[PDB]
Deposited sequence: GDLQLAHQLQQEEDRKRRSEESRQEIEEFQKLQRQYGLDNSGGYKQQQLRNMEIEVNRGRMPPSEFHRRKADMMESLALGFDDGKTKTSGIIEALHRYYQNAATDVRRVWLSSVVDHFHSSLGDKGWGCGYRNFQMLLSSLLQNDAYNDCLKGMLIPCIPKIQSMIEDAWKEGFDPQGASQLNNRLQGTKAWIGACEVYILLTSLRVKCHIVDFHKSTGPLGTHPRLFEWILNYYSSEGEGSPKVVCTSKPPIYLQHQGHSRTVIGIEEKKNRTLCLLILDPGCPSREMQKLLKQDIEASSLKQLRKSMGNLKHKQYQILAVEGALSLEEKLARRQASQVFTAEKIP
């Protein structure tokens, strides 16, 4: 009799497991249900079906999209330039509560398109970081004037790193395939991607909070030490910092030392639409517009953050040493 009862129980556990598995696979982009190309087209088709887009332009945006995918180049439609320069002007000229502020070099903001909205953050943060390297002469040899790659090309380039031998454990976690998927990525993928391009970088794993009320003072202090080294506003040469938490990533482009001695990060978000970033390019920024960029310790209460920071270029020998090191993938842990 209990055999039947056991069957009923297992049959319900199975329906529950199957349902949650499919949900999680979809969320993380691992259910192998297509990729950027399909989502762009499906989401443009919705705009046509909602009478918000003529079929002719659809044919045109689809044509553009296909050229970009063929070339592997991001088409720049989600790019906003000039933010570092605008911030420089603001901190220099405007009355602020800042004692000193350190900024990364020039950084282009990239937000998701209809093709990667919901899952592209890691890739878009890579684009923002790469845009800084591409204007930094120290990376000219290892990046030889490459262009910002499109998301499918970034996926191909991560696969290329896996094929070279980088991080086989991480590769297996993502079915050894990213093209044609909407897979979430993390600092580990960005690390092997940059390392495969002979860019010297490293991950720091802030694996638990270090301050009261769940704050991460060690993270803020690490970033302060990264950016700092006389003027009130210091526009440094340094690339921005890739910042990962569970479910989403962002790009840290600077840090303020407030007059009250507290620290405040300046963070770009690939979820921010163009029209919001454009507000920062208006003559005389509105201090209320800067609040979205400013994150104090109270705003960073995820349990775990990983940063990926870039430090220069690698010789081939150094790259190969790092490839081998990536077989047992570890990162500096703090605390």
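Missing from the model relative to the deposited sequence are positions 1 to 8, 238 to 241 (no C-alpha coordinates, numbering from 1).
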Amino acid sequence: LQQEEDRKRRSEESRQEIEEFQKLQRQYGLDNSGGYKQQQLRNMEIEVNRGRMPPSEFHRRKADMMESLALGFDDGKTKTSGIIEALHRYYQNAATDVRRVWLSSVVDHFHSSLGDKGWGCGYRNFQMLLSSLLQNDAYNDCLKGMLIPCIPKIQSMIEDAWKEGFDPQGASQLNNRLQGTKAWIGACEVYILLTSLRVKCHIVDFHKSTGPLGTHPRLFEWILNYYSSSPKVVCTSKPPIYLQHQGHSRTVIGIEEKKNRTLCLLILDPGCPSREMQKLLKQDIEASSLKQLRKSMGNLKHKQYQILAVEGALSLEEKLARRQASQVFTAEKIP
From here on, numbers count along this sequence of modelled residues.
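For the pair 60 to 68 and 290 to 298, the mean B factor over Cα atoms is greater in 60 to 68. For the pair 149 to 157 and 197 to 205, the mean B factor over Cα atoms is greater in 149 to 157. Between the residues 180, 217, 76, 214, the entry's highest C-alpha temperature factor is the one at 180.
By the numbers in the PDB entry, the CA B factor is greatest at 285 among 310, 285, 266, 307. Among all modelled residues in its chain, residue 137 ranks in the highest third by Cα B-factor. Placement of the Cα temperature factor of residue 231 within the chain: highest third of the modelled residues, per the deposited record. Ranked by Cα temperature factor within the chain, residue 23 sits in the middle third according to the deposited record. Ranked within its chain, residue 258 lands in the highest third, by CA B factor from the PDB record. Ranked within its chain, residue 225 lands in the lowest third, by CA B factor from the PDB record.
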